[PDB]
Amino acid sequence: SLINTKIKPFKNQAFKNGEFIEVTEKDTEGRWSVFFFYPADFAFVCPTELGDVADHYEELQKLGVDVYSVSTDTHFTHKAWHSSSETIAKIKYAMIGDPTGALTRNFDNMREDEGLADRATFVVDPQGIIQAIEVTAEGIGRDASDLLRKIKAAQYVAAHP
């Protein structure tokens, strides 16, 4: 488990609201971060999960939490996915491309014989420390409302040691 460790430095391209931006660990410092990994854009699997986090994106921003989705696809592919799927289209958070797999491996989350990330979610606090981890196989869905509870609880223990 990477629980209670500091995230490693990284530098990736991302797509966010119709534009390309670069993201590094410096963008996460002093912020709450959710890293949301998934295997592949354009898979026949319906992206319910990515869109649920999208639905909750408003509250997450009021709690000072940024959301980053990550797959080993490129940011170009993200822009195309964002254009063709109605569910993906409502995403307003950053979609990080990790074709080198460096970000994915930082989180020990690479399926090495497929070149894809596992279905993992990491909650990271402003000092870069990982406070929560959830991983599931392709049939077990990640519940975005459960994520919010965990994030809110994490902020609480930060305030009340």
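Residue indices: 1-based, along the sequence shown.
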item: Mean C-alpha B-factor comparison - 47-55 and 30-38, higher one; value: 47-55
item: Mean C-alpha B-factor comparison - 58-66 and 131-139, higher one; value: 58-66
item: Third of chain Cα B-factors occupied by residue 77; value: middle
item: Within-chain third of residue 149 by Cα B-factor, per the entry; value: middle
item: Residue 119 - Cα temperature factor, lowest/middle/highest third of chain; value: lowest
item: Third of the chain's Cα B-factor distribution that residue 111 belongs to, per the entry; value: highest
